[PDB]
Amino acid sequence: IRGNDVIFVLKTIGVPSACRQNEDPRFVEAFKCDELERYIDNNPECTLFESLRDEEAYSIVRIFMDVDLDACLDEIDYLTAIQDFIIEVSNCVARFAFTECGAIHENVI
Amino acid sequence: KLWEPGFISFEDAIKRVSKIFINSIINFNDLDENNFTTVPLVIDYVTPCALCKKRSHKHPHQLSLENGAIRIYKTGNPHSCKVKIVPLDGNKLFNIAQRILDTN
Ligand SMILES: [Zn+2]
């Protein structure tokens, strides 16, 4: 749990669970980091969907935010918005960790 | 085809309705253009329901398409939950402006 160099992936959308826990090669796969990169370069048309194996033992993942806005903006707005957004997401995660997780706000920030 | 893609991309409408449901949706993957009026929406009620404010719901909710909108309604006891509506046409600010002019 401290480290995991292999990544679980899906090949397409709509994979049933019964294939997911059974590790069906036609829908799911496990990729080593270097081997995952090699597969990506060697398959420019590959459809890959990163996921996890078992939430009971490996629920710990890095923090990631997705923003998909149907509006094309210039670079200046892009940069000011990204810096501001990381500022407020840091504030929110620190506030929640201090409230419940008991973590130090400065450390996570 | 139970969905008419003349209003909004089905993915965006599903994103909106999921955003309304603060609780996690269990079978989000299987909602397509040919089943969204049929399969009940089973929800993992970790948090209070975003519509009825209760601890959980005995029965799953369901979606209907009507008048260019999505009606969200609970199965079993109807009065036990609040009916919800998702619109698909008009910038909300344009509706507000139409109402304000409408007042003269
Ligand atoms: Zn409810």
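Values in this text are rule-based calculations from the coordinates and carry no lab data. For neighbour counting, all protein chains shown are included, and Cβ atoms are generated from backbone atoms with ideal geometry for every residue, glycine included.
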Over its alpha-carbon atoms, region B:3-104 yields an Rg and a Dmax in Å of 15.1, 48
Note, region A:99-109: 3J(HN,Hα) by Karplus (6.51, -1.76, 1.60, θ = phi - 60°), whole Hz, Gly/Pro = x, goes 5, 10, 5, x, 7, 6, 4, 4, 4, 5, 4
Within region A:22-66, the residues whose backbone N lies under 17 Å from a label point placed 7 Å from the Cα of A:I82 along the Cα-to-Cβ direction are A:64-66
The distance between the Cα centres of region B:1-56 and region A:38-97, in whole Å, is 23
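How do B:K84, B:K74, A:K11, B:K58 line up, fewest other C-beta atoms within 10 Å first? List each step's numbers first, then the result.
Values: B:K84 18, B:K74 23, A:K11 15, B:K58 10.
In order of increasing Cβ crowding within 10 Å: B:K58, A:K11, B:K84, B:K74.
Does region B:64-104 come out rounded, prolate or oblate by the C-alpha gyration tensor, with a ≥ b ≥ c the root eigenvalues, rounded set by a/c under 1.5 and, if not, prolate when a/b is larger than b/c and oblate if not?
Values: a/c = 4.17, a/b = 2.34, b/c = 1.78.
Note, shape of region B:64-104 comes out prolate.
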Unit-weight point scatterers at every alpha-carbon of the protein assembly as shown, Debye formula, q = 0.07, 0.12, 0.15, 0.18 1/Å: log10 I(q)/I(0) is -0.34, -1.03, -1.42, -1.42
Answer in debye to the nearest 20: the dipole magnitude of chain B about its Cα centre, from +1 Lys/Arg and -1 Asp/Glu charges placed on Cβ, is 680
Pseudo-spin-label distance A:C46 to B:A69, built 7 Å along Cα→Cβ, given in nm, is 4.7
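With +1 on the Cβ of every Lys and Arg and -1 on the Cβ of every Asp and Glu, and nothing else charged, how large is the dipole of region A:14-109 about its Cα centre, in debye rounded to the nearest 20? Mind showing how you got there, number by number?
Details: 7 positive and 22 negative charges, 85 e Å.
Around 400 debye, computed over region A:14-109.
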The pairs in B:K54/B:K84; A:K11/B:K15; B:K53/B:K92; B:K54/B:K92; B:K1/B:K84 lying past 19 Å Cα-Cα in this model are A:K11/B:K15; B:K53/B:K92; B:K54/B:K92; B:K1/B:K84
Given backbone amide H placed at 1.01 Å from N, residues whose amide H is under 5 Å from that of B:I70, ignoring those fewer than 5 places away on the same chain, are B:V86
Within region A:12-71, DSSP-loop chymotrypsin sites (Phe, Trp or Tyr not before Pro) with at most 10 other C-beta atoms within 10 Å are A:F64
Farthest towards the positive end of the dipole of region B:1-75, among B:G68, B:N29, B:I43 and with Cβ unit charges of +1 on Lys and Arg and -1 on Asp and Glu, lies the Cα of B:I43
Projected convex hull area of chain A, Cα atoms, direction-averaged, in nm², equals 10.2
Under the helix-only model (-39500 (n - 2.57) for each DSSP H run of 4 or more, divided by the residues of chain B), the mean residue ellipticity at 222 nm, to 500 deg cm²/dmol, is -6500 deg cm²/dmol
For the pair A:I13 and A:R38, the simple spin-label estimate (label points 7 Å beyond Cα toward Cβ) gives in nm 3.1
Between B:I96 and A:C92, the FRET efficiency computed from the C-beta separation at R0 = 25 Å comes out, to the nearest 0.05, as 0.30
Among B:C52, B:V86, B:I20, the residue whose Cα sits farthest towards the positive end of the charge dipole of chain B (+1 at Cβ of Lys and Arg, -1 at Cβ of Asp and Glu, taken about the Cα centre) is B:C52
Treating only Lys and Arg (+1) and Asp and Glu (-1) as charged, each at its beta carbon, one finds that region B:32-81 has a dipole about its Cα centre, in Debye to the nearest 20, of 420
